[PDB]
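One chain is shown next in structure tokens, namely the form deposited in one PDB entry.
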């Protein structure tokens, strides 16, 4: 039932030059787009394109309409355009983030980190930017449901973006009640913070994720502090992992709090 304003979003297929595959997101490729922001520039973009069942067409067209509905924020992966007219493949064009995902990136910097190279400023800043992106998504009345460092991408000038399009990340009430809400995303955000301050480690190191893990989780067991955390950042993880979803901070409160930690750090 959502509209598609072709005047606003439609981009000519002949001004898109196919480049290197990114993978399977729908095939996701790099492309060079001329004029996509109306200036006389060539820009690398990310394209999702259809290989074609009606179900798959519908899913991609629905993605397109949701990205439109959501709108623009610096800390999400934004829609730039689409190719929907008959006579070529259905394509959805979004911002390209040249450094890839945050988990793989931080792992690559394990020996290129000093607290004060990545520094604490960088990690708190990534953390702050994600919270701002999530605060935006919550205001558009979305729930993410896989908020994890692998779904954050790093673009130029340390801008991080949530891919807006996983038991170790799930809130206890989601595991046990099937419930996904914005407060359950706050729990995931705490896991993501741990991912950031472990420099891209896997959560719950060397823990079998089974009925006993879920038991200990309902009972109050939490991850220990990761190796590159500040005490304040671990406190924030614990806050996000409150057993009562209503006692977790909101994304707005995290943006305030992390903003203060970012400024205190400087």
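Positions refer to the first chain, counted from 1. Heads up, when I say rigid core I mean the largest set of C-alphas that superpose within 1.5 Å between the two forms.
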{"query": "Chain break class at residue 218/residue 219 - deposited residues not modelled", "finding": "none"}
{"query": "Unmodelled deposited residues flanked by residue 25 on one side and residue 26 on the other", "finding": "1 to 3"}
{"query": "Mean C-alpha B-factor comparison - 75 to 83 and 167 to 175, higher one", "finding": "167 to 175"}
{"query": "104 to 112 versus 185 to 193 - which carries the larger mean C-alpha B factor in the record", "finding": "104 to 112"}
{"query": "Residue, from 152, 91, 118, 134, that the PDB entry assigns the highest Cα B-factor", "finding": "118"}
{"query": "Identity of residue with top Cα B-factor, from 50, 46, 42, 238", "finding": "50"}
{"query": "Chain third (lowest, middle, highest) by recorded CA B-factor, residue given as residue 67", "finding": "middle"}
{"query": "Where the record places residue 143 (Cα B-factor, split into thirds across the chain)", "finding": "highest"}
{"query": "Third of chain Cα B-factors occupied by residue 207", "finding": "highest"}
{"query": "Assigned third (lowest, middle, highest) for the C-alpha B factor of residue 213", "finding": "highest"}
{"query": "Record-listed C-alpha B factor of residue 98: chain third", "finding": "lowest"}
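Keep in mind that the form deposited in another entry is not shown, yet the notes after this line are about it.
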| query | finding |
| --- | --- |
| Rigid-core-referenced C-alpha movement of 2 Å or more between the shown form and the other one, selected from 217, 237, 199, 31 | 31 |
| Rigid core superposed: residue 182 CA moves 2 Å or more between the shown form and the other one | no |
| Rigid-core frame, C-alpha of residue 72, shift of 2 angstroms or more between the shown form and the other one | no |
| Threshold 2 Å Cα movement between the shown form and the other one for residue 255, core superposed | no |
